[PDB]
Amino acid sequence: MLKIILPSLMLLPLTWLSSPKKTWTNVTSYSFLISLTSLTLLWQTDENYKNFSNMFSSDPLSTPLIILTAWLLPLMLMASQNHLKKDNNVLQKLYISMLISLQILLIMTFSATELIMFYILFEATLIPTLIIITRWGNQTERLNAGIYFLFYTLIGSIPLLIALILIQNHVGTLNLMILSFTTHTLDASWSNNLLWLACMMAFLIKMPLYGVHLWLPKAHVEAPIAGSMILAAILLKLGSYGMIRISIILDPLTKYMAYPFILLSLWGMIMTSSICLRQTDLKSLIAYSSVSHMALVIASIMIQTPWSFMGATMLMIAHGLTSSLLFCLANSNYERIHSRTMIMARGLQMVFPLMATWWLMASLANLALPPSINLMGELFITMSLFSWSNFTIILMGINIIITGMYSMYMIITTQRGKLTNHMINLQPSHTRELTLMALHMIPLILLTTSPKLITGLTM
Amino acid sequence: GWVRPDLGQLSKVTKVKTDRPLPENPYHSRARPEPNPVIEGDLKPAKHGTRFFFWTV
């Protein structure tokens, strides 16, 4: 792991000491190589997980998030290359440094053994995101968005610190291997239900729940792009990972402190997908879809079954890839029209007949297409929920219907129709922004060809 | 034959004796409580360094 996060640190001098004309290239290529060397930790020939030190470990839940975080960086970096091309070189390099800092801190999170390491890094991730959203957003609502996105997190996370501190004072170590093998059943009192809530309602904010999600549209809609990629791809999964790690020390309270959150997730998933059915803003449509997806992950982690954790991991990775892809696809048009309004430009597939295939595949990923790690996750958590209660499929099916609807409606009212003939500024395409979608989709196909990796702790 | 003392002869200590003994323990002092013992040892490095949160060394 050290061999993954030291080169990631060396990517920063590589930015600052290189020419202005040979800085995107070098850092992009070397980031791809970091992604390559982040495959050694998929060499798990055994059941025992990979401990490299007291600091760092890597389980089959860590490794996909690690690899995806190392893999997104070149994509963020190339997507961020048309805008801030007319920016001063120092400003460019500051953007690069923030993205690399995100990479490093997120790898450290997913590789951490203790919960306090994970805490300080889970919170250090806020500073790059806030800077990216605020200094490089295009609109004026970015400031309120940053405030929301920061303070929801901090409100949720201060109780988390208090609970971790309590657990240290009670057990002594706060390490995840030892909390696994030494976990006392809880006495089922209010003093422990508050502990459950303090441990959970930091991650549940970040995933997010439907009661608390207003930070995610305001941020996705206003972050330039790369912030949106990350905020859709791994910052939401940074809560699911934490829940999967911390739930082991909360049994048996999860059997009854989970009803409200499963229920909120399910109903609010339906609510969010219905919103996606009727939404003027494309970058908000993607965001509400992300809420409607992560709600299933919430319910799944609450059920704590093998099928459920499995499907949660699958849906995590799949949603991350396809959501980053859809944000790229919307940015591709926003870099020309400079409008997020979707019904503005609605008759493409004449000018962009190849991007319109990436659109289609991105949507089919989004809706439940079977030979895909999206439907595998959605199906397995549907099966877990049916085992839990047979009356949940009534809601999952409504979601499936609406999720076909808003995705196909997006495709239709953006591509299909009559071309907006008043748009002379529809430049043909960028090889860069075609390679982007290819690099988002080719992993989906590969992982569908081999989902033995993309499962989690339980398979 | 009583001679008057000169200027500074009555202003000095004069070394008496007596059949009396010394007073053993004036002030009627009680026994003193015993101080807390000192930890005898050649001190070593801290066991696993700082037991702080997650720092190794």
# chains A, B, ... in the order shown; residues from 1 in each chain; ligands from 1
$ residues_around --residues "segment 44-52 of chain B" --least-positions-apart "6" --cutoff "12 Å" --atoms "only C-alpha atoms" --output "list in words"
residues 54, 114, 116, 117, 165, 168, 169, 172, 173 and 174 of chain A
$ interface_residues --of "chain B" --to "chain A" --cutoff "8 Å" --atoms "only C-alpha atoms" --output "list in words"
residues 53, 54, 55 and 56 of chain B
$ write_last_selection --atoms "C-alpha atoms" --output "PDB file, in the first residue's frame"
ATOM      1  CA  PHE B  53      -4.114   5.833  18.858  1.00  0.00           C
ATOM      2  CA  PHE B  54      -2.533   4.351  15.748  1.00  0.00           C
ATOM      3  CA  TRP B  55       1.049   5.620  15.609  1.00  0.00           C
ATOM      4  CA  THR B  56       3.348   2.625  15.298  1.00  0.00           C
TER       5      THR B  56
END
$ residues_around --residues "segment 148-153 of chain A" --least-positions-apart "2" --cutoff "8 Å" --atoms "only C-alpha atoms" --output "number ranges by chain"
A: 126, 130, 144-146, 155-157, 202, 205-206, 214-216, 219
$ write_last_selection --atoms "N, CA, C and O atoms" --output "short mmCIF file (atom, residue, chain, number, x, y, z; two decimals), in the first residue's frame"
data_model
loop_
_atom_site.label_atom_id
_atom_site.label_comp_id
_atom_site.auth_asym_id
_atom_site.auth_seq_id
_atom_site.Cartn_x
_atom_site.Cartn_y
_atom_site.Cartn_z
N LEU A 126 -12.89 16.62 3.03
CA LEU A 126 -13.80 17.75 2.83
C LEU A 126 -13.10 18.96 2.22
O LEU A 126 -13.75 19.75 1.53
N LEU A 130 -14.31 21.00 -1.04
CA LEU A 130 -14.83 22.35 -0.85
C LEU A 130 -14.10 23.34 -1.74
O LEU A 130 -14.72 24.19 -2.38
N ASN A 144 -23.14 28.35 -0.87
CA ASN A 144 -24.13 27.67 -0.04
C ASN A 144 -24.01 26.16 -0.18
O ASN A 144 -24.19 25.42 0.79
N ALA A 145 -23.70 25.68 -1.39
CA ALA A 145 -23.50 24.25 -1.58
C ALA A 145 -22.34 23.73 -0.74
O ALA A 145 -22.45 22.67 -0.11
N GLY A 146 -21.22 24.44 -0.74
CA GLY A 146 -20.09 24.03 0.08
C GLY A 146 -20.42 24.04 1.55
O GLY A 146 -20.03 23.13 2.29
N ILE A 155 -21.76 17.82 11.36
CA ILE A 155 -22.83 17.52 12.30
C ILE A 155 -22.93 16.03 12.53
O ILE A 155 -23.06 15.56 13.67
N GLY A 156 -22.88 15.24 11.45
CA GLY A 156 -22.95 13.81 11.62
C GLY A 156 -21.71 13.20 12.25
O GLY A 156 -21.79 12.19 12.95
N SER A 157 -20.55 13.81 12.02
CA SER A 157 -19.27 13.19 12.33
C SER A 157 -18.75 13.50 13.73
O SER A 157 -17.92 12.74 14.23
N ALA A 202 -23.40 9.63 10.86
CA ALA A 202 -22.41 10.34 10.06
C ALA A 202 -22.29 9.75 8.67
O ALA A 202 -22.18 10.49 7.69
N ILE A 205 -25.58 10.26 6.57
CA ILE A 205 -25.67 11.58 5.97
C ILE A 205 -24.95 11.59 4.64
O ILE A 205 -25.39 12.23 3.67
N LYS A 206 -23.81 10.91 4.57
CA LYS A 206 -22.91 10.98 3.44
C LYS A 206 -23.30 10.06 2.29
O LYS A 206 -22.76 10.21 1.19
N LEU A 214 -30.00 17.07 0.92
CA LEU A 214 -30.04 18.32 0.18
C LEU A 214 -28.66 18.84 -0.17
O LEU A 214 -28.55 19.73 -1.02
N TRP A 215 -27.62 18.30 0.44
CA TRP A 215 -26.27 18.69 0.10
C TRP A 215 -25.83 18.12 -1.24
O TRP A 215 -25.01 18.73 -1.93
N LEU A 216 -26.37 16.98 -1.64
CA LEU A 216 -25.82 16.24 -2.77
C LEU A 216 -26.27 16.85 -4.10
O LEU A 216 -25.42 17.01 -4.99
N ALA A 219 -24.44 20.22 -4.56
CA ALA A 219 -23.02 20.07 -4.84
C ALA A 219 -22.76 19.51 -6.23
O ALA A 219 -21.92 20.03 -6.97
#
$ residues_around --residues "residue 446 of chain A" --least-positions-apart "5" --cutoff "10 Å" --atoms "only C-alpha atoms" --output "PyMOL selection string"
chain A and resi 372+441+451
$ write_last_selection --atoms "N, CA and C atoms" --output "compact mmCIF listing (two decimals), in the first residue's frame"
# COMPACT_ATOMS: atom_id res chain seq x y z
N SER A 372 -24.92 -7.28 -16.20
CA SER A 372 -24.36 -6.04 -15.70
C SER A 372 -24.28 -6.16 -14.19
N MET A 441 -16.74 2.71 -19.50
CA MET A 441 -17.56 1.56 -19.87
C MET A 441 -16.78 0.26 -19.95
N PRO A 451 -17.31 -11.03 -12.08
CA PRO A 451 -17.73 -10.45 -10.80
C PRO A 451 -17.27 -11.19 -9.56
$ select_by_dssp --residues "segment 217-422 of chain A" --states "alpha helix (DSSP H)" --output "ChimeraX atom specification"
/A:217-220,226-233,237-246,259-276,282-303,306-337,355-366,373-388,393-414
$ residues_around --residues "residue 16 of chain A" --least-positions-apart "2" --cutoff "10 Å" --atoms "only C-alpha atoms" --output "ChimeraX atom specification"
/A:11-14,18-20,23,89-90,93-94,96-97
$ select_by_dssp --residues "segment 13-232 of chain A" --states "strand (DSSP E)" --output "compact mmCIF listing (two decimals) with N, CA, C and O atoms, in the first residue's frame"
# COMPACT_ATOMS: atom_id res chain seq x y z
N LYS A 50 -5.22 -9.20 3.83
CA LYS A 50 -3.85 -8.74 3.58
C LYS A 50 -3.53 -7.59 4.52
O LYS A 50 -3.95 -6.46 4.31
N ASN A 51 -2.76 -7.90 5.56
CA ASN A 51 -2.25 -6.91 6.49
C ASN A 51 -0.80 -6.63 6.14
O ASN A 51 0.03 -7.54 6.13
N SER A 57 -4.22 -2.26 5.92
CA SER A 57 -4.74 -3.58 5.60
C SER A 57 -5.50 -3.46 4.29
O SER A 57 -5.63 -2.37 3.73
N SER A 58 -5.99 -4.59 3.78
CA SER A 58 -6.80 -4.54 2.57
C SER A 58 -7.62 -5.82 2.48
O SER A 58 -7.06 -6.91 2.33
$ residues_around --residues "residue 102 of chain A" --least-positions-apart "4" --cutoff "7 Å" --atoms "only C-alpha atoms" --output "list in words"
residues 98, 106, 125 and 128 of chain A
$ write_last_selection --atoms "C-alpha atoms" --output "tab-separated table (two decimals), in the first residue's frame"
chain	number	residue	atom	x	y	z
A	98	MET	CA	-6.32	18.81	-4.86
A	106	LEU	CA	-9.24	8.10	0.08
A	125	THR	CA	-11.51	14.74	2.25
A	128	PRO	CA	-10.22	19.50	-1.45
$ residues_around --residues "segment 452-456 of chain A" --least-positions-apart "2" --cutoff "7 Å" --atoms "only C-alpha atoms" --output "list in words"
residues 60, 61, 64, 309, 310, 313, 314, 450, 458 and 459 of chain A
$ decode --residues "chain B" --atoms "C-alpha atoms" --output "PDB file, in the first residue's frame"
ATOM      1  CA  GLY B   1      35.137  40.657  96.467  1.00  0.00           C
ATOM      2  CA  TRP B   2      32.277  41.016  93.988  1.00  0.00           C
ATOM      3  CA  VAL B   3      33.701  42.519  90.795  1.00  0.00           C
ATOM      4  CA  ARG B   4      31.420  44.173  88.288  1.00  0.00           C
ATOM      5  CA  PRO B   5      31.230  42.363  84.930  1.00  0.00           C
ATOM      6  CA  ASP B   6      32.772  44.262  82.048  1.00  0.00           C
ATOM      7  CA  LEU B   7      30.956  45.363  78.944  1.00  0.00           C
ATOM      8  CA  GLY B   8      29.943  42.192  77.102  1.00  0.00           C
ATOM      9  CA  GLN B   9      30.365  39.298  79.520  1.00  0.00           C
ATOM     10  CA  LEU B  10      26.661  38.771  80.320  1.00  0.00           C
ATOM     11  CA  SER B  11      25.701  38.563  76.628  1.00  0.00           C
ATOM     12  CA  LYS B  12      27.075  35.142  75.735  1.00  0.00           C
ATOM     13  CA  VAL B  13      26.375  31.445  76.195  1.00  0.00           C
ATOM     14  CA  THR B  14      27.764  29.781  79.299  1.00  0.00           C
ATOM     15  CA  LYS B  15      27.694  25.958  79.125  1.00  0.00           C
ATOM     16  CA  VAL B  16      25.774  24.613  82.116  1.00  0.00           C
ATOM     17  CA  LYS B  17      25.509  21.012  83.292  1.00  0.00           C
ATOM     18  CA  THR B  18      22.926  19.195  85.400  1.00  0.00           C
ATOM     19  CA  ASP B  19      21.865  15.769  86.617  1.00  0.00           C
ATOM     20  CA  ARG B  20      18.789  16.032  84.376  1.00  0.00           C
ATOM     21  CA  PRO B  21      18.430  14.022  81.154  1.00  0.00           C
ATOM     22  CA  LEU B  22      17.652  15.231  77.675  1.00  0.00           C
ATOM     23  CA  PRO B  23      13.923  15.534  76.926  1.00  0.00           C
ATOM     24  CA  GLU B  24      13.144  12.730  74.501  1.00  0.00           C
ATOM     25  CA  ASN B  25      10.693  14.037  71.896  1.00  0.00           C
ATOM     26  CA  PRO B  26       9.742  17.549  72.930  1.00  0.00           C
ATOM     27  CA  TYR B  27       6.741  19.044  71.130  1.00  0.00           C
ATOM     28  CA  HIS B  28       4.996  15.694  71.901  1.00  0.00           C
ATOM     29  CA  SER B  29       5.389  14.850  68.248  1.00  0.00           C
ATOM     30  CA  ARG B  30       3.624  11.824  66.843  1.00  0.00           C
ATOM     31  CA  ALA B  31       5.359   9.369  64.552  1.00  0.00           C
ATOM     32  CA  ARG B  32       5.918  10.583  61.033  1.00  0.00           C
ATOM     33  CA  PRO B  33       3.992   8.791  58.263  1.00  0.00           C
ATOM     34  CA  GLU B  34       6.209   6.848  55.951  1.00  0.00           C
ATOM     35  CA  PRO B  35       6.867   8.323  52.486  1.00  0.00           C
ATOM     36  CA  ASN B  36       5.768   6.571  49.361  1.00  0.00           C
ATOM     37  CA  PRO B  37       8.389   4.176  47.975  1.00  0.00           C
ATOM     38  CA  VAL B  38      10.526   4.946  44.956  1.00  0.00           C
ATOM     39  CA  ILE B  39      10.244   2.690  41.915  1.00  0.00           C
ATOM     40  CA  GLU B  40      13.599   0.922  41.686  1.00  0.00           C
ATOM     41  CA  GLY B  41      14.535   0.069  38.123  1.00  0.00           C
ATOM     42  CA  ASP B  42      16.793   0.804  35.184  1.00  0.00           C
ATOM     43  CA  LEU B  43      14.211   2.338  32.878  1.00  0.00           C
ATOM     44  CA  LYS B  44      13.638   0.830  29.438  1.00  0.00           C
ATOM     45  CA  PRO B  45      12.029   1.934  26.166  1.00  0.00           C
ATOM     46  CA  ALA B  46       8.276   2.320  26.291  1.00  0.00           C
ATOM     47  CA  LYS B  47       6.470  -0.897  25.451  1.00  0.00           C
ATOM     48  CA  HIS B  48       5.497  -0.477  21.790  1.00  0.00           C
ATOM     49  CA  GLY B  49       6.344   3.208  21.989  1.00  0.00           C
ATOM     50  CA  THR B  50       3.409   5.544  22.387  1.00  0.00           C
ATOM     51  CA  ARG B  51       0.101   3.791  23.017  1.00  0.00           C
ATOM     52  CA  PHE B  52      -1.584   6.799  21.521  1.00  0.00           C
ATOM     53  CA  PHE B  53      -4.114   5.833  18.858  1.00  0.00           C
ATOM     54  CA  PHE B  54      -2.533   4.351  15.748  1.00  0.00           C
ATOM     55  CA  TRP B  55       1.049   5.620  15.609  1.00  0.00           C
ATOM     56  CA  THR B  56       3.348   2.625  15.298  1.00  0.00           C
ATOM     57  CA  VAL B  57       6.631   3.993  16.624  1.00  0.00           C
TER      58      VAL B  57
END
